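Reading through the structure tokens given below for one structure.
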There are 2 protein chains.
Amino acid sequence: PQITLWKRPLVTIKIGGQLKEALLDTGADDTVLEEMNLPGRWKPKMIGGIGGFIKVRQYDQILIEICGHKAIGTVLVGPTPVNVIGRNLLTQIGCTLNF
Amino acid sequence: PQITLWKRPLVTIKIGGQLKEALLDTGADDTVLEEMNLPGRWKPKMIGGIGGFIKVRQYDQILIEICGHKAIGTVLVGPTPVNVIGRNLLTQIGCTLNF
Ligand SMILES: CC(C)CN(C[C@@H](O)[C@H](Cc1ccccc1)NC(=O)O[C@H]1CO[C@H]2OCC[C@H]21)S(=O)(=O)c1ccc(CO)cc1
């Protein structure tokens with residue numbers, strides 16, 4: 001599809017057997033999802049943006065379906081106000097910016 | 001152009017007659033630039049990011065050229081970690097997401 005940017009580019013994702021809403025975010029290097037109790041090992045990470053840093057849990061090789069497009073990669077879990085799909089997964093679904 | 005996302009979508013912008021580098025950021029509603037001098041009236045505002053809220057100077061109706069494409073709109077200036085071009089200006093240059 002083609003998504004215009006008049007409104008936030010929110011899409012439905014499937015991760016860990018749950019459906020959620022997330023931003024297709026070209027400004028995020030990596031994917032960050034709202035707190036959720038995922039099984040498996042993780043490592044702590046600090047990620048920074050406007051307002052400072054938050055502590056997150058880095059899970060590797062997580063399967064995520066984004067608008068019916070499957071991807072697998074790093075997913076950071078923490079107290080983010082928004083689910084954001086970052087470039088590490090956007091590249092996997094064939095997403096480009098165009099103007 | 002069509003921009004892939006294996007690297008950060010960084011582009012050169014012109015604002016206040018000066019060249020800078022900025023990130024095309026579909027996850028940003030607004031455009032936020034690092035501390036700089038800009039002419040004209042500004043009003044204090046607050047904006048929230050992943051890590052909390054920051055004080056910014058809001059400049060309205062500012063000319064800004066993004067990768068050769070002209071826009072006129074609101075630019076927020078403050079202690080952002082990165083110059084981000086947000087949806088208020090991405091829409092003006094006709095930017096869409098595609099996959
Ligand atoms: C700043 C940028 C370089 C990096 N960020 C992505 C941005 O898209 C961020 C997304 C966002 C955060 C919080 C609420 C809504 C959207 N948008 C944002 O701050 O937008 C500001 C300006 O416009 C307003 O609209 C929405 C908020 C206001 S990040 O989240 O900090 C981040 C940092 C490290 C990683 C791991 O690599 C992943 C993500």
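We name chains A, B, ... following the order of the structure tokens; residues begin at 1 in each chain, and ligands are numbered from 1 as shown.
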
Practice task
Could you please write out, as a PyMOL selection string, every residue of chain A that DSSP assigns to helix (DSSP H, G or I)?
Solution key: chain A and resi 87-93

Please return the superposed copy of chain A as a compact mmCIF listing (two decimals) with N, CA, C and O atoms, in the first residue's frame; the fit should be least squares onto chain B across all sequentially paired Cα atoms.
# COMPACT_ATOMS: atom_id res chain seq x y z
N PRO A 1 12.59 11.00 -5.18
CA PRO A 1 13.40 9.80 -4.95
C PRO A 1 12.71 8.77 -4.08
O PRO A 1 11.62 9.01 -3.55
N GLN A 2 13.34 7.62 -3.94
CA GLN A 2 12.92 6.59 -3.01
C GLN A 2 14.05 6.37 -2.02
O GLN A 2 15.20 6.16 -2.43
N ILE A 3 13.74 6.43 -0.73
CA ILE A 3 14.72 6.27 0.33
C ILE A 3 14.41 4.98 1.06
O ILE A 3 13.32 4.83 1.63
N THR A 4 15.34 4.04 1.02
CA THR A 4 15.24 2.82 1.82
C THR A 4 15.61 3.14 3.27
O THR A 4 16.15 4.21 3.58
N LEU A 5 15.29 2.22 4.17
CA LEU A 5 15.40 2.49 5.59
C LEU A 5 16.47 1.65 6.27
O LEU A 5 16.46 1.50 7.50
N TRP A 6 17.41 1.12 5.50
CA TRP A 6 18.55 0.42 6.09
C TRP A 6 19.32 1.33 7.02
O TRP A 6 19.86 0.89 8.05
N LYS A 7 19.42 2.61 6.67
CA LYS A 7 20.12 3.61 7.46
C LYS A 7 19.14 4.74 7.76
O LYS A 7 18.05 4.82 7.19
N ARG A 8 19.54 5.61 8.68
CA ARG A 8 18.70 6.75 9.03
C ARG A 8 18.39 7.59 7.79
O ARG A 8 19.31 7.88 7.01
N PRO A 9 17.13 7.99 7.58
CA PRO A 9 16.77 8.76 6.37
C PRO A 9 17.13 10.24 6.50
O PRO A 9 16.27 11.12 6.63
N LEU A 10 18.43 10.51 6.46
CA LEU A 10 18.96 11.85 6.59
C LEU A 10 19.07 12.52 5.23
O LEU A 10 19.56 11.91 4.27
N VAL A 11 18.64 13.78 5.15
CA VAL A 11 18.73 14.57 3.93
C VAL A 11 19.21 15.96 4.31
O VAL A 11 19.20 16.35 5.48
N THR A 12 19.67 16.70 3.30
CA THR A 12 20.10 18.08 3.50
C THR A 12 18.88 18.99 3.41
O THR A 12 18.06 18.86 2.50
N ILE A 13 18.77 19.91 4.36
CA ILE A 13 17.73 20.92 4.35
C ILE A 13 18.41 22.28 4.35
O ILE A 13 19.57 22.43 4.74
N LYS A 14 17.67 23.29 3.90
CA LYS A 14 18.09 24.68 3.97
C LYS A 14 17.05 25.45 4.76
O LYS A 14 15.87 25.47 4.39
N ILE A 15 17.48 26.07 5.86
CA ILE A 15 16.58 26.84 6.72
C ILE A 15 17.35 28.00 7.32
O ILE A 15 18.45 27.82 7.87
N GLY A 16 16.75 29.19 7.29
CA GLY A 16 17.38 30.36 7.88
C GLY A 16 18.73 30.66 7.29
O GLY A 16 19.64 31.12 8.00
N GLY A 17 18.90 30.40 6.00
CA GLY A 17 20.17 30.60 5.35
C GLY A 17 21.26 29.64 5.76
O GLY A 17 22.44 29.91 5.50
N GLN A 18 20.91 28.52 6.39
CA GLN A 18 21.91 27.52 6.75
C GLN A 18 21.50 26.16 6.21
O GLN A 18 20.32 25.83 6.12
N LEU A 19 22.51 25.38 5.84
CA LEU A 19 22.32 23.99 5.46
C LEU A 19 22.55 23.08 6.66
O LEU A 19 23.49 23.28 7.44
N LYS A 20 21.69 22.07 6.80
CA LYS A 20 21.75 21.15 7.93
C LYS A 20 21.34 19.76 7.46
O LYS A 20 20.78 19.60 6.37
N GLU A 21 21.62 18.76 8.30
CA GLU A 21 21.14 17.40 8.07
C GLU A 21 19.97 17.12 8.99
O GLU A 21 20.01 17.47 10.18
N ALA A 22 18.92 16.48 8.45
CA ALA A 22 17.71 16.20 9.21
C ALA A 22 17.09 14.88 8.78
O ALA A 22 17.17 14.49 7.61
N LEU A 23 16.42 14.24 9.74
CA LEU A 23 15.70 13.00 9.48
C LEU A 23 14.33 13.28 8.87
O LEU A 23 13.59 14.13 9.36
N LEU A 24 13.98 12.53 7.82
CA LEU A 24 12.59 12.46 7.37
C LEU A 24 11.86 11.54 8.33
O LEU A 24 12.02 10.32 8.27
N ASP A 25 11.06 12.11 9.24
CA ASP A 25 10.53 11.35 10.37
C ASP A 25 9.01 11.31 10.36
O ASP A 25 8.34 12.24 10.81
N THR A 26 8.47 10.17 9.91
CA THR A 26 7.03 9.95 9.90
C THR A 26 6.44 9.85 11.31
O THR A 26 5.22 9.96 11.46
N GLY A 27 7.27 9.61 12.33
CA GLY A 27 6.77 9.59 13.69
C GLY A 27 6.67 10.92 14.40
O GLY A 27 6.24 10.96 15.56
N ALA A 28 7.08 12.02 13.76
CA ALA A 28 7.01 13.35 14.35
C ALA A 28 5.84 14.10 13.73
O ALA A 28 5.76 14.22 12.50
N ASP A 29 4.91 14.57 14.57
CA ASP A 29 3.82 15.41 14.08
C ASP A 29 4.37 16.69 13.47
O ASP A 29 3.92 17.13 12.40
N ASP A 30 5.33 17.31 14.16
CA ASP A 30 5.90 18.58 13.78
C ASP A 30 7.41 18.49 13.72
O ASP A 30 8.03 17.56 14.24
N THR A 31 7.98 19.49 13.05
CA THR A 31 9.40 19.58 12.77
C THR A 31 10.12 20.20 13.95
O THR A 31 9.67 21.20 14.52
N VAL A 32 11.25 19.60 14.32
CA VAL A 32 12.03 20.05 15.47
C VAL A 32 13.48 20.14 15.03
O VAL A 32 14.05 19.15 14.56
N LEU A 33 14.09 21.30 15.22
CA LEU A 33 15.46 21.52 14.77
C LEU A 33 16.35 21.90 15.94
O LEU A 33 15.91 22.55 16.90
N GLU A 34 17.62 21.48 15.84
CA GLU A 34 18.63 21.78 16.85
C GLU A 34 18.71 23.29 17.08
O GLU A 34 18.34 24.09 16.21
N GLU A 35 19.15 23.67 18.27
CA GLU A 35 19.21 25.07 18.65
C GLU A 35 19.82 25.91 17.53
O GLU A 35 20.86 25.56 16.96
N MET A 36 19.14 27.01 17.19
CA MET A 36 19.65 27.95 16.20
C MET A 36 18.98 29.29 16.46
O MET A 36 17.85 29.35 16.94
N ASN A 37 19.70 30.37 16.16
CA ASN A 37 19.24 31.70 16.55
C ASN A 37 18.47 32.33 15.39
O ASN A 37 18.96 33.20 14.66
N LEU A 38 17.20 31.90 15.24
CA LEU A 38 16.31 32.40 14.20
C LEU A 38 15.70 33.74 14.61
O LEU A 38 15.26 33.90 15.75
N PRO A 39 15.61 34.70 13.69
CA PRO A 39 14.88 35.93 13.98
C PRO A 39 13.37 35.72 13.93
O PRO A 39 12.86 34.75 13.35
N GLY A 40 12.66 36.64 14.55
CA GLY A 40 11.21 36.64 14.55
C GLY A 40 10.64 36.28 15.90
O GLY A 40 11.34 35.91 16.85
N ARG A 41 9.31 36.40 15.98
CA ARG A 41 8.58 36.05 17.18
C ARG A 41 8.43 34.54 17.29
O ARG A 41 8.50 33.80 16.30
N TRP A 42 8.22 34.08 18.52
CA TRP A 42 8.03 32.66 18.78
C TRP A 42 7.17 32.51 20.02
O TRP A 42 6.96 33.46 20.78
N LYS A 43 6.67 31.29 20.23
CA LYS A 43 5.98 30.99 21.47
C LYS A 43 6.54 29.71 22.08
O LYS A 43 6.93 28.79 21.35
N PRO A 44 6.63 29.64 23.41
CA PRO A 44 7.17 28.44 24.05
C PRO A 44 6.24 27.25 23.91
O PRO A 44 5.01 27.39 23.84
N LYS A 45 6.84 26.07 23.87
CA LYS A 45 6.13 24.81 23.73
C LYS A 45 6.94 23.73 24.44
O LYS A 45 8.15 23.85 24.59
N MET A 46 6.24 22.69 24.88
CA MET A 46 6.84 21.50 25.45
C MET A 46 6.43 20.33 24.58
O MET A 46 5.24 20.15 24.30
N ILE A 47 7.40 19.54 24.12
CA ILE A 47 7.13 18.38 23.29
C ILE A 47 7.73 17.15 23.96
O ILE A 47 8.79 17.24 24.60
N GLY A 48 7.05 16.03 23.84
CA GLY A 48 7.38 14.83 24.59
C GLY A 48 7.61 13.64 23.70
O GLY A 48 6.98 13.49 22.64
N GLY A 49 8.52 12.78 24.12
CA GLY A 49 8.81 11.54 23.45
C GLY A 49 9.47 10.60 24.43
O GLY A 49 9.31 10.73 25.64
N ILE A 50 10.21 9.64 23.89
CA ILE A 50 10.94 8.71 24.74
C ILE A 50 11.91 9.50 25.62
O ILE A 50 12.68 10.34 25.12
N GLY A 51 11.84 9.27 26.93
CA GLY A 51 12.68 9.97 27.88
C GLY A 51 12.05 11.19 28.53
O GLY A 51 12.60 11.69 29.52
N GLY A 52 10.94 11.70 27.99
CA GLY A 52 10.26 12.83 28.58
C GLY A 52 10.18 14.00 27.62
O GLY A 52 10.17 13.82 26.40
N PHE A 53 10.12 15.20 28.19
CA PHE A 53 9.83 16.42 27.44
C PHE A 53 11.05 17.32 27.36
O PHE A 53 11.93 17.29 28.22
N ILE A 54 11.10 18.12 26.29
CA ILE A 54 12.05 19.22 26.19
C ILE A 54 11.27 20.50 25.88
O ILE A 54 10.19 20.47 25.29
N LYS A 55 11.85 21.63 26.28
CA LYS A 55 11.29 22.94 25.98
C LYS A 55 11.81 23.42 24.64
O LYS A 55 13.02 23.35 24.37
N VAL A 56 10.91 23.92 23.79
CA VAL A 56 11.28 24.39 22.45
C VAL A 56 10.60 25.72 22.16
O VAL A 56 9.63 26.11 22.81
N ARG A 57 11.11 26.40 21.14
CA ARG A 57 10.53 27.65 20.66
C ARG A 57 9.80 27.37 19.36
O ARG A 57 10.39 26.86 18.40
N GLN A 58 8.52 27.72 19.31
CA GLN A 58 7.71 27.47 18.12
C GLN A 58 7.73 28.71 17.23
O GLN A 58 7.22 29.77 17.61
N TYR A 59 8.29 28.56 16.03
CA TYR A 59 8.25 29.58 14.99
C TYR A 59 7.28 29.14 13.91
O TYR A 59 7.30 27.98 13.48
N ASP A 60 6.46 30.06 13.42
CA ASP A 60 5.46 29.75 12.41
C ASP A 60 5.87 30.31 11.06
O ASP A 60 6.59 31.31 10.97
N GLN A 61 5.41 29.65 10.00
CA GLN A 61 5.61 30.11 8.62
C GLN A 61 7.10 30.29 8.30
O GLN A 61 7.52 31.30 7.73
N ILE A 62 7.89 29.28 8.66
CA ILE A 62 9.31 29.25 8.32
C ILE A 62 9.49 28.52 7.00
O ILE A 62 8.92 27.44 6.79
N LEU A 63 10.30 29.10 6.10
CA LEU A 63 10.63 28.45 4.84
C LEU A 63 11.75 27.44 5.05
O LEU A 63 12.78 27.75 5.67
N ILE A 64 11.55 26.24 4.53
CA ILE A 64 12.53 25.16 4.61
C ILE A 64 12.58 24.51 3.23
O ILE A 64 11.53 24.19 2.66
N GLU A 65 13.78 24.29 2.71
CA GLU A 65 13.95 23.52 1.49
C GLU A 65 14.53 22.16 1.87
O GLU A 65 15.58 22.09 2.51
N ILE A 66 13.82 21.10 1.49
CA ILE A 66 14.15 19.73 1.86
C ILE A 66 14.44 18.98 0.57
O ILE A 66 13.52 18.69 -0.21
N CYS A 67 15.71 18.66 0.33
CA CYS A 67 16.09 17.96 -0.90
C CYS A 67 15.63 18.71 -2.14
O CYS A 67 15.14 18.12 -3.10
N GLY A 68 15.74 20.03 -2.12
CA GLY A 68 15.28 20.82 -3.23
C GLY A 68 13.78 21.04 -3.30
O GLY A 68 13.32 21.71 -4.23
N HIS A 69 13.01 20.50 -2.37
CA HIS A 69 11.57 20.72 -2.33
C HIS A 69 11.26 21.79 -1.29
O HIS A 69 11.62 21.64 -0.12
N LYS A 70 10.60 22.86 -1.71
CA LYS A 70 10.32 23.97 -0.81
C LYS A 70 9.09 23.68 0.03
O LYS A 70 8.14 23.05 -0.43
N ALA A 71 9.12 24.13 1.28
CA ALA A 71 7.98 23.99 2.18
C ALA A 71 7.96 25.20 3.10
O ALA A 71 8.95 25.93 3.22
N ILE A 72 6.82 25.42 3.74
CA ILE A 72 6.69 26.53 4.69
C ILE A 72 5.71 26.13 5.77
O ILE A 72 4.58 25.72 5.48
N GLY A 73 6.13 26.26 7.02
CA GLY A 73 5.27 25.85 8.11
C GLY A 73 5.95 25.99 9.44
O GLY A 73 6.94 26.72 9.59
N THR A 74 5.41 25.28 10.42
CA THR A 74 5.87 25.41 11.80
C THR A 74 7.18 24.66 11.99
O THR A 74 7.37 23.55 11.49
N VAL A 75 8.10 25.31 12.70
CA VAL A 75 9.42 24.78 13.02
C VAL A 75 9.65 25.03 14.51
O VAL A 75 9.54 26.16 14.97
N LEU A 76 9.92 23.96 15.25
CA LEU A 76 10.20 24.04 16.68
C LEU A 76 11.71 23.97 16.88
O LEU A 76 12.37 23.11 16.28
N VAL A 77 12.25 24.87 17.69
CA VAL A 77 13.69 24.97 17.89
C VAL A 77 14.00 24.74 19.36
O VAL A 77 13.41 25.38 20.24
N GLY A 78 14.94 23.83 19.63
CA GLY A 78 15.29 23.50 20.98
C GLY A 78 16.41 22.49 21.07
O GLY A 78 17.03 22.11 20.07
N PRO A 79 16.70 22.05 22.30
CA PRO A 79 17.85 21.15 22.55
C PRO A 79 17.55 19.71 22.13
O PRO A 79 17.68 18.77 22.92
N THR A 80 17.14 19.53 20.90
CA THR A 80 16.94 18.19 20.38
C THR A 80 18.28 17.60 19.93
O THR A 80 19.11 18.32 19.38
N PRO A 81 18.52 16.31 20.16
CA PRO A 81 19.78 15.71 19.69
C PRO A 81 19.83 15.54 18.18
O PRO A 81 20.91 15.23 17.65
N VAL A 82 18.72 15.73 17.48
CA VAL A 82 18.64 15.43 16.06
C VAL A 82 17.66 16.40 15.41
O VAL A 82 16.66 16.79 16.01
N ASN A 83 17.98 16.81 14.18
CA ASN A 83 17.03 17.56 13.37
C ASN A 83 16.02 16.57 12.79
O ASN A 83 16.41 15.57 12.18
N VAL A 84 14.73 16.83 13.01
CA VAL A 84 13.70 15.94 12.48
C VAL A 84 12.69 16.74 11.68
O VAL A 84 12.16 17.76 12.16
N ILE A 85 12.47 16.31 10.44
CA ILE A 85 11.41 16.85 9.60
C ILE A 85 10.16 16.03 9.86
O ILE A 85 10.14 14.82 9.61
N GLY A 86 9.11 16.68 10.36
CA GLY A 86 7.88 16.01 10.72
C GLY A 86 6.82 16.09 9.63
O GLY A 86 7.01 16.67 8.56
N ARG A 87 5.67 15.51 9.95
CA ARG A 87 4.60 15.35 8.97
C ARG A 87 4.09 16.68 8.46
O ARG A 87 3.64 16.77 7.31
N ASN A 88 4.16 17.74 9.28
CA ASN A 88 3.66 19.04 8.85
C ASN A 88 4.40 19.54 7.62
O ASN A 88 3.81 20.23 6.78
N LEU A 89 5.68 19.20 7.47
CA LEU A 89 6.43 19.53 6.26
C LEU A 89 6.53 18.37 5.28
O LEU A 89 6.58 18.61 4.06
N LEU A 90 6.55 17.12 5.75
CA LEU A 90 6.66 15.99 4.83
C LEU A 90 5.46 15.95 3.88
O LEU A 90 5.61 15.60 2.70
N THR A 91 4.26 16.26 4.38
CA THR A 91 3.09 16.31 3.49
C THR A 91 3.29 17.34 2.39
O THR A 91 2.77 17.18 1.28
N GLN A 92 4.01 18.42 2.69
CA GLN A 92 4.16 19.50 1.74
C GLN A 92 5.11 19.16 0.61
O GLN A 92 5.03 19.78 -0.46
N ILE A 93 6.01 18.19 0.80
CA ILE A 93 6.93 17.80 -0.25
C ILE A 93 6.47 16.54 -0.97
O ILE A 93 7.20 16.02 -1.82
N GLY A 94 5.29 16.03 -0.63
CA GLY A 94 4.75 14.88 -1.32
C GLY A 94 5.25 13.54 -0.83
O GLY A 94 5.24 12.57 -1.59
N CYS A 95 5.65 13.46 0.44
CA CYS A 95 6.29 12.25 0.95
C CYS A 95 5.27 11.23 1.42
O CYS A 95 4.33 11.56 2.16
N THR A 96 5.47 9.98 1.01
CA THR A 96 4.63 8.87 1.45
C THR A 96 5.49 7.75 2.00
O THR A 96 6.69 7.65 1.71
N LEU A 97 4.86 6.90 2.80
CA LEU A 97 5.38 5.58 3.14
C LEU A 97 4.80 4.56 2.18
O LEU A 97 3.62 4.64 1.83
N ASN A 98 5.62 3.59 1.77
CA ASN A 98 5.16 2.59 0.82
C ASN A 98 5.72 1.22 1.14
O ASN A 98 6.93 1.06 1.29
N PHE A 99 4.83 0.24 1.22
CA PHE A 99 5.25 -1.16 1.28
C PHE A 99 4.16 -2.05 0.69
O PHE A 99 4.28 -3.27 0.69

Practice task
May I have all residues of range 11-85 of chain A that DSSP, computed from the backbone, assigns to strand (DSSP E or B), given as a ChimeraX atom specification?
Solution key: /A:11-15,18-24,31-34,43-49,52-66,69-78,84-85
